[PDB]
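For reference, the structure is listed below as structure tokens.
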Amino acid sequence: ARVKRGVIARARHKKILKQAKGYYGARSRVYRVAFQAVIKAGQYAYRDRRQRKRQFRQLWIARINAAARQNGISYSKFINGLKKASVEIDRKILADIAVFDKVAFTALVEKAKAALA
Amino acid sequence: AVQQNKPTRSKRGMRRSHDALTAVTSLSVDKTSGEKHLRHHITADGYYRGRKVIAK
Amino acid sequence: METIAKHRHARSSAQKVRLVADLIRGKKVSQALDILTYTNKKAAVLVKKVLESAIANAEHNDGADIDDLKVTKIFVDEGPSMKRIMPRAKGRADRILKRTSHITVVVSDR
Amino acid sequence: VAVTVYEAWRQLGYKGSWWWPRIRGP
RNA sequence: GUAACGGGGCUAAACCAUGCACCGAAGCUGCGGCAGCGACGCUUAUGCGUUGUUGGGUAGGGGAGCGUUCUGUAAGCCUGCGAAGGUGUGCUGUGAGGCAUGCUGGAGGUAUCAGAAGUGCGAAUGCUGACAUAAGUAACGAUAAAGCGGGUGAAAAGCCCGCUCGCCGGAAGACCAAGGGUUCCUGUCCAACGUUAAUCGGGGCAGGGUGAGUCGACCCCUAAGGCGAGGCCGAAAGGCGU
RNA sequence: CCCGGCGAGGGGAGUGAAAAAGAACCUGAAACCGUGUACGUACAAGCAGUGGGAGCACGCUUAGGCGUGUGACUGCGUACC
RNA sequence: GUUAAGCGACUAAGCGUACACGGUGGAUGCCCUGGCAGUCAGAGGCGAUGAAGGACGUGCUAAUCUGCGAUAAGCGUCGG
């Protein structure tokens with residue numbers, strides 16, 4: 001009839017404190033602070049799961065721009081020419097080719113320039 | 001006047017970094033008796049620089 | 001071989017004893033004794049007595065030859081506290097803590 | 001010998017202070 | 001403190017007109033997964049298919065669940081070849097959660113389906129215990145004052161002897177009453193107590209010590225005042241008085 | 001039996017299934033305080049995390065590479081009731 | 001080999017994170033001659049032959065509980 005809260009409370013506190021390893025100071029030792037730290041970490045993870053895609057597309061565009069100017073044309077006209085030639089390669093593959101294969105990228109630039117002119 | 005926040009264990013440790021002690025780093029050996037002592041002090045049986053001081 | 005001596009419920013705060021402890025951490029016993037002989041601290045006496053007891057234990061029970069011993073480990077822990085009362089002005093009262101400590105010394109021929 | 005015992009005192013305080021003028025008086 | 005472009009800088013990297021590119025959101029599209037509500041079929045009943053559409057949310061309304069302690073099923077099942085509890089690791093579910101196993105521990109625990117609640121805590125200047133910070137900081141309680149030689153002892157500024165020095169002296173001297181209740185003296189000990197050490201103590205322990213015809217209580221006598229047989233008053237209890 | 005003040009506290013020996021059951025004694029969690037090992041840190045400005053990410057150490061692996069710990073540098077970011 | 005110019009590991013007074021081993025403290029689990037609520041019976045008073053409640057004593061015994069009262073952890077008699 002009388003119920004004691006001894007074991008369940010310990011289980012919950014240990015569960016929360018386990019996923020606060022590596023945090024500085026009282027944020028990994030004391031329950032009250034650790035709970036807030038874990039909640040805020042969850043919110044940040046949710047938001048950054050969306051920021052990641054923007055960041056990577058930005059990086060790819062920058063690298064493609066550099067390579068295209070190396071071959072004598074800017075990014076905007078380059079992808080306009082690629083659209084006019086009906087090529088469907090996306091930006092991740094283009095950046096990978098630009099870094100790792102200097103001849104295929106030159107061929108693509110030639111094709112885009114021919115289609116544009 | 002009193003603090004507004006509890007200072008941490010890191011700050012407490014940093015303040016104590018100047019609290020260490022130093023050893024004498026060396027002793028002297030009496031010429032005759034051969035026992036050790038501080039420099040410019042007499043030995044435990046009243047010797048100093050070979051002579052035999054009172055040794056009460 | 002490892003030999004241990006301890007002093008429990010020593011009447012001194014652990015913070016004050018830790019200052020003397022690290023003067024001898026890792027030294028040969030022969031020079032540690034004379035280092036402890038010339039430090040003007042209360043805790044030096046306690047630490048020296050513990051060290052001598054450890055040397056005697058190592059020599060009598062296990063193998064002899066105190067000429068090849070080193071201080072391998074030494075540390076100080078906190079013991080129980082005693083609580084008292086000190087009267088202050090205007091009828092207030094305050095709590096006083098009298099702290100103790102435990103002392104452990106390990107010597108080794110290796 | 002080597003056994004210790006003690007008690008406590010808790011009469012707290014008896015206020016009635018702030019003998020200086022009021023902070024933002026009349 | 002530049003301080004009335006966010007800065008650097010700009011004579012176009014400013015303003016007007018025209019045009020074409022590109023960048024840019026959790027909006028839209030592509031790929032995978034979940035759930036609610038309809039319509040239509042099959043089961044022709046649970047359910048199973050085809051589609052269409054919806055899924056930000058405080059006060060608040062509606063619907064489904066997890067875990068804890070007790071009763072039945074229980075003289076059943078698990079367990080000294082190791083139970084509850086504590087402490088790690090690995091799997092698993094949308095969640096509250098579940099399962100397995102290494103170390104510690106040394107005797108109890110309960111599938112499933114039902115029943116009852118002292119059934120789930122971060123906050124209430126909440127209650128009780130333990131432990132931090134400021135900090136090895138402030139202070140060590142009258143500015144009458146101390147120096148040296150010997151002893152004892154594990155250890156002597158403070159204990160015991162000795163010689164000097166200083167302080168009080170209508171008191172800081174000597175007797176009492178009130179109040180206290182062994183603090184008195186001797187031998188032993190130094191854990192705790194003494195605002196430091198202590199061999200010392202009004203501290204611990206064990207023995208010892210207070211002798212009255214004349215001192216004082218008791219005793220005889222009464223003051224202020226108290227109590228008061230009978231008595232006089234008053235719902236009771238009681239009030240006042242010889 | 002040994003160190004020590006004919007101390008307090010220890011170290012052996014012995015009893016016991018067990019002494020990490022030694023009387024401050026079943027089990028012994030948390031805050032709090034230490035010793036040891038790996039990595040980082042003395043030209044750097046803010047709720048101390050989150051996304052990206054070299055280098056180092058250890059373990060496995062038949063290269064391929066994984067796993068664990070730490071984390072230089074960098075985008076975003078003003079606790080809870 | 002010497003000059004220049006450029007670039008640059010190795011330090012830890014102390015501090016952080018992770019792991020290993022400890023100290024302090026007394027939660028958790030498991031216990032119970034201690035309590036709580038009842039049912040069925042019994043008894044519903046003791047005292048001038050001195051009560052309820054106490055003080056002081058009493059042992060081979062310093063003390064404190066439990067008994068007992070100068071006949072003092074007890075005296076007589078009838079039963080087990």
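We name chains A, B, ... by the order of the sequence lines, and we start the count at 1 in each one.
- The distance between atom CG of C/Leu46 and atom P of F/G5, rounded to the nearest whole Å, is 13 Å.
- With hydrogens and angles left out, the side-chain atoms of C/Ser13 and C/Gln15 include no donor and acceptor closer than 3.5 Å.
- Ring to ring, A/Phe105 and A/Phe78 are close: their centroids are under 6.0 angstrom apart.
- The aromatic ring centroids of C/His102 and C/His9 lie less than 6.0 Å from each other.
- Closest contact between the side chain of A/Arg29 and the listed nucleotides G/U17, E/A26, E/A134 involves G/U17.
- For G/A9, classification of the furanose by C1'-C2'-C3'-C4' yields a north pucker, on the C3'-endo side.
- A/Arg12 has a side-chain polar atom (N or O) that falls below the 4.0 Å cut-off from OP1 or OP2 of E/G97.
- For the side-chain contact (heavy atoms from CB on, under 4.5 Å) with C/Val105, the qualifying choice from C/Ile4, C/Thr72, C/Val50 is C/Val50, the only one to do so.
- In terms of phosphate contacts, A/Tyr31 brings no side-chain nitrogen or oxygen within less than 4.0 Å of OP1 or OP2 of E/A123.
- G/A9 adopts a syn glycosidic conformation, its chi angle falling within 90° of 0.
- Judged by distance alone, the side chains of C/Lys48 and C/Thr37 do bring a donor and an acceptor atom under 3.5 Å apart.
- OP1 or OP2 of E/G86 sits under 4.0 Å from a side-chain N or O of A/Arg10.
- Annotated as syn: E/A171, whose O4'-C1'-N torsion sits within 90° of 0.
- As judged by a 4.0 angstrom heavy-atom cut-off over every strand, A/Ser74 is placed among residues making no nucleic acid contact.
- In terms of phosphate contacts, B/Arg12 brings no side-chain nitrogen or oxygen within less than 4.0 Å of OP1 or OP2 of E/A135.
- The shortest distance between the side-chain N/O atoms of B/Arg16 and the OP1/OP2 oxygens of E/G136 is below 4.0 Å.
- Using bins of under 30°, 30° to 60° and over 60° for the plane-to-plane angle, the ring pair A/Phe56/A/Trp60 lands in the tilted bin.
- Base stacking between strand neighbours E/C219 and E/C220 is absent under the criterion of six-membered ring centres closer than 5.5 Å and ring planes inclined by less than 30 degrees.
- Heavy-atom nearest nucleotides on RNA chain E were determined for A/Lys77 and for A/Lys21, and the one closer to the 5' end corresponds to A/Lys77.
- C/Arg88 comes within 4.0 angstrom of nothing in the nucleic acid, heavy atoms only.
- In terms of phosphate contacts, A/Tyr44 brings a side-chain nitrogen or oxygen within less than 4.0 Å of OP1 or OP2 of F/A48.
- Protein atom CZ of C/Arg11 is 17 Å distant from nucleotide atom P of E/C190, rounded to whole Å.
- In terms of phosphate contacts, C/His102 brings a side-chain nitrogen or oxygen within less than 4.0 Å of OP1 or OP2 of G/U24.
- Counting non-hydrogen atoms under 4.0 angstrom, A/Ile79 reaches the backbone sugars and phosphates but no base.
- Side chain C/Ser13 to base E/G136: a donor-acceptor pair is found below 3.5 Å.
- Side-chain N/O atoms of B/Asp30 and B/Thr32 include a donor and acceptor closer than 3.5 Å.
- At the heavy-atom level, A/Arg32 lies under 4.0 Å from base atoms of the strands shown.
- A north sugar is assigned to G/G25: the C1'-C2'-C3'-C4' torsion is positive, on the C3'-endo side.
- G/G14 and F/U41 make a Watson-Crick or G-U wobble pair, with both donor-acceptor distances under 3.5 Å.
- E/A191: glycosidic angle beyond 90° from 0, hence anti.
- As judged by a 4.0 angstrom heavy-atom cut-off over every strand, A/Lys4 is placed among residues touching the sugar-phosphate backbone only.
- Where A/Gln43 and C/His60 meet RNA chain F, the nucleotide closest to each residue was compared, and C/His60 sits on the side nearer the 5' end.
- With a glycosidic angle no more than 90° from 0, G/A48 adopts the syn conformation.
- Nucleotide F/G5 shows a negative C1'-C2'-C3'-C4' value and thus a south, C2'-endo-like sugar.
- Residue A/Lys18 places none of its side-chain N or O atoms closer than 4.0 Å to OP1 or OP2 of E/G88.
- Within 4.0 Å of C/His9, counting heavy atoms only, lies at least one base atom of the nucleic acid.
- On a pure distance criterion of 3.5 Å, a polar donor-acceptor pair joins the side chain of C/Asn57 and the base of F/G10.
- At the heavy-atom level, B/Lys6 lies under 4.0 Å from base atoms of the strands shown.
- Counting distance only, with no hydrogens placed and no angle test, the side-chain atoms of C/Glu78 and the base atoms of G/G25 include no donor-acceptor pair under 3.5 Å.
- For E/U137, the sugar pucker falls north, since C1'-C2'-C3'-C4' comes out positive.
- In this structure, A/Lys40 reaches the F/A79 phosphate: one of its side-chain N or O atoms is under 4.0 Å from OP1 or OP2.
- Across all strands, C/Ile4 comes closer than 4.0 Å only to sugar-phosphate atoms, never to a base (heavy-atom distances).
- When heavy atoms are screened at a 4.0 angstrom cut-off, C/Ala5 is found touching the sugar-phosphate backbone but no base atom.
- Backbone-only engagement by B/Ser17 is indicated by non-hydrogen atom pairs under 4.0 Å involving sugar-phosphate atoms exclusively.
- Judged by the sign of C1'-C2'-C3'-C4', the sugar at E/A172 is south, the angle being negative.
- Interface remark: the A/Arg2 side chain does not form any donor-acceptor pair with the E/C70 base, using a distance-only criterion of under 3.5 Å.
- Between G/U28, F/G51, F/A48, one nucleotide has an atom nearer to the side chain of A/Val7 than all others, and that is G/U28.
- A donor N or O paired with an acceptor N or O is not found under 3.5 Å between the base of E/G149 and the side-chain atoms of B/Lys56.
- A stacking contact links strand neighbours G/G54 and G/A55, their base ring centres being under 5.5 angstrom apart and the planes under 30 degrees.
- As judged by a 4.0 angstrom heavy-atom cut-off over every strand, A/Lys84 is placed among residues making no nucleic acid contact.
- Judged by ring centres closer than 5.5 Å and planes tilted by less than 30°, the bases of E/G209 and E/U210 are not stacked on each other.
- In the hydrophobic clustering of ILVMFWY residues, with side-chain heavy atoms under 4.5 Å counting as a link, C/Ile74 and C/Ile66 come out together.
- Judged by ring centres closer than 5.5 Å and planes tilted by less than 30°, the bases of E/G129 and E/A130 are stacked on each other.
- Applying the 90° criterion around 0 to the glycosidic angle, G/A52 comes out anti.
- One atom, CZ of A/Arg54, and another, P of E/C23, lie 17 Å apart when rounded to the nearest Å.
- As judged by a 4.0 angstrom heavy-atom cut-off over every strand, A/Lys83 is placed among residues making no nucleic acid contact.
- If you check distances only, the side chain of A/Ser76 never reaches the base of E/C22 with a donor-acceptor pair under 3.5 Å.
- Nucleic acid contact for A/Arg91: sugar-phosphate only, since backbone atoms but no base atoms lie under 4.0 Å from a heavy atom of the residue.
- E/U137 atom P lies 10 Å from atom CZ of B/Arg15, rounded to whole Å.
- In the displayed structure, A/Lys53 atom NZ is contacted under 6.0 Å by more than 12 heavy atoms of other residues, nucleotides or ligands.
- Both conditions hold for E/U104 and E/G105, whose six-membered rings have centres under 5.5 angstrom apart and planes under 30 degrees, so their bases stack.
- Residue-level contact check: C/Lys6 touches the backbone only, with heavy atoms under 4.0 Å from sugar-phosphate atoms and none from bases.
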